[PDB]
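Take a look at the structure below.
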Amino acid sequence: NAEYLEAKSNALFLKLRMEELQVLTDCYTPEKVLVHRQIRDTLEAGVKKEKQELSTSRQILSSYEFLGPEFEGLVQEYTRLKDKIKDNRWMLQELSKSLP
Amino acid sequence: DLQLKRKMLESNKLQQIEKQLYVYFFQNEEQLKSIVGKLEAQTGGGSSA
Amino acid sequence: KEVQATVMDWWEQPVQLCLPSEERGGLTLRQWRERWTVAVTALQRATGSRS
Amino acid sequence: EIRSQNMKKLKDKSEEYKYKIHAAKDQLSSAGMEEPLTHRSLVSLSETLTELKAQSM
């Protein structure tokens with residue numbers, strides 16, 4: 001009984017493995033493999049370019065962050081004021097077009 | 001599950017070609033235009049300029 | 001479970017959506033697939049062939 | 001006694017499977033298929049590029 005159960009377990013495992021390998025042979029034909037290679041090369045070139053840009057930008061931001069919280073408050077205020085001026089100008093332009 | 005999906009690819013030739021479309025896209029643009037154009041011409045549409 | 005995952009990859013072919021901005025013949029792959037799907041659907045409508 | 005007979009059939013089938021698995025491994029190698037060229041590996045690589053553009057913006 002012990003021998004029989006062992007033989008049954010081994011046969012089921014080998015069937016499963018055979019069927020897996022047959023599916024992989026159907027999926028990756030030489031033509032497709034070539035395409036997958038082209039796609040890789042484009043993706044790899046993109047990953048490399050973006051990793052370099054991220055590294056340069058992170059280096060510049062680190063120089064401003066060194067001028068303290070007070071500067072950041074000033075920058076926030078400046079930015080708020082520029083945004084309000086831009087909104088008011090935008091409102092004046094829209095009232096002139098309506099003089100029928 | 002494998003027997004059902006293999007059968008599905010052997011019966012439907014149009015689905016097989018669909019699955020090959022990305023291959024044509026990266027290897028042969030002319031073929032891609034041709035394969036998609038042949039399928040569009042067969043469909044009569046009178047384009048006005 | 002691993003074999004089931006492999007069967008799934010074979011059926012979906014996910015590698016076709018990995019480069020969206022690539023244009024060939026002035027159109028993206030998606031656009032081409034869409035064109036294909038519209039054409040296949042038009043052919044199926046003409047050819048009474050109710051799928 | 002029935003199980004002993006069935007065990008003989010199972011051993012023969014196991015030998016048949018081992019033979020088909022070798023033949024399939026040989027066909028994949030001739031097609032130049034490497035691990036990084038798989039759907040799963042390439043998707044994984046595209047997902048990494050999107051993540052990096054988001055970090056750069």
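Residue-wise HN-Hα couplings along region D:2-16, as the Karplus relation 6.51 cos²θ - 1.76 cosθ + 1.60 with θ = phi - 60° gives them from phi, are 5, 5, 5, 5, 5, 5, 5, 5, 5, 5, 5, 5, 4, 5, 5 Hz; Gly and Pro carry x.
Once both labels are positioned 7 Å from their Cα atoms along Cα-to-Cβ, the gap between residue D:23 and residue C:28 label points is 4.4 nm.
Converting phi to 3J(HN,Hα) with the Karplus coefficients 6.51, -1.76 and 1.60 and the offset θ = phi - 60°, region A:8-15 yields 5, 4, 5, 4, 5, 5, 5, 5 Hz in sequence order, with x at every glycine or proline.
For the options A:24, A:16, A:43, a Gaussian network treatment of chain A with springs between C-alpha atoms closer than 10 Å singles out A:16 as fluctuating the most.
Going by a ≥ b ≥ c, the root eigenvalues of the Cα gyration tensor, does chain D fall in the rounded group (a/c under 1.5), the prolate group (a/b larger than b/c) or the oblate group? Intermediate values should be presented prior to the final figure.
Details: a/c = 11.22, a/b = 2.88, b/c = 3.90.
In terms of gyration-tensor shape, oblate.
Model label points for residue D:13 and residue B:29, set 7 angstrom from Cα along the Cα-to-Cβ axis, are 5.4 nm apart.
Using r as the Cβ-Cβ distance of residue A:78 and residue D:57, and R0 as 22 Å, what FRET efficiency do you calculate, to the nearest 0.05?
Numbers: r = 23 Å, r/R0 = 1.04.
That pair, residue A:78 with residue D:57, gives E of 0.45.
Quick one: check the C-alpha center-to-center distance for region B:4-48 versus region A:10-89, whole angstrom. About 32 Å separates the Cα centre of region B:4-48 from the one of region A:10-89.
Size descriptors for region A:1-87, from the alpha-carbon set: Rg then Dmax equal 30.2, 89 Å. Pairs exceeding 27 Å between alpha-carbon atoms, taken from A:84/D:53; B:7/C:1; B:7/B:33: A:84/D:53; B:7/B:33.
If you rank A:8, D:18 by fewest surrounding Cβ atoms within 10 Å, what's the result?
Working: A:8 15, D:18 12.
Ranked by crowding around the Cβ, least crowded first: D:18, A:8.
Considering helices alone, the calculated mean residue ellipticity of chain B at 222 nm is -20500 deg cm²/dmol, with DSSP H runs of length four and up weighted by -39500 (n - 2.57) and normalised per residue.
What ranking of B:24, D:17 emerges when the number of other C-beta atoms within 10 Å of each C-beta is taken as an exposure proxy, fewest first? Could the numbers behind the result be given before it?
Numbers: B:24 22, D:17 18.
Taking fewest neighbouring Cβ atoms as first place, the list is D:17, B:24.
Across the alpha-carbon set of chain C, the Rg to Rh ratio works out to 1.16, Rh being the Kirkwood radius.
Above 22 Å, the calculated P(r) of the protein assembly as shown contains 73 percent of its Cα-Cα pairs. Excluding same-chain neighbours fewer than eight residues apart, the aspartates and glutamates reachable from residue A:8 by a Cα-Cα span under 15 Å are D:12, D:15, D:16.
Between residue D:1 and residue A:26, what's the calculated FRET efficiency when r is the beta-carbon distance and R0 is 41 Å? Round to 0.05. Before the final figure, lay out the partial values.
Numbers: r = 42 Å, r/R0 = 1.02.
Efficiency at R0 = 41 Å is approximately 0.45.
Taking other C-beta atoms within 10 Å as the exposure proxy, D:39, A:36, D:22 rank D:22, D:39, A:36 from fewest upward.
Give me the Kirkwood hydrodynamic radius of region A:50-100, using the inverse of the mean 1/r over all pairs of distinct Cα atoms, in Å to one decimal.
Numbers: mean 1/r = 0.0699 Å⁻¹.
After inverting the mean inverse Cα-Cα distance, the result is 14.3 Å.
In summary, chain B shows an alpha-carbon radius of gyration equal to 1.52 times the 2.2 N^0.38 Å reference for compact globular proteins.
Full-extension gain between residue A:92 and residue A:2, please, as 0.36 nm times their residue separation minus the C-alpha to C-alpha distance. Mind dumping the intermediate values first?
On the way: separation 90, 0.36 × 90 = 32.40 nm, distance 9.21 nm.
Length gained, residue A:92 through residue A:2: 23.2 nm.
Positions of Cβ are generated from backbone atoms using ideal geometry, with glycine treated the same way; all protein chains shown enter the neighbour counts. Each reported figure results from applying straightforward, stated rules to the coordinates on display, with no laboratory input.
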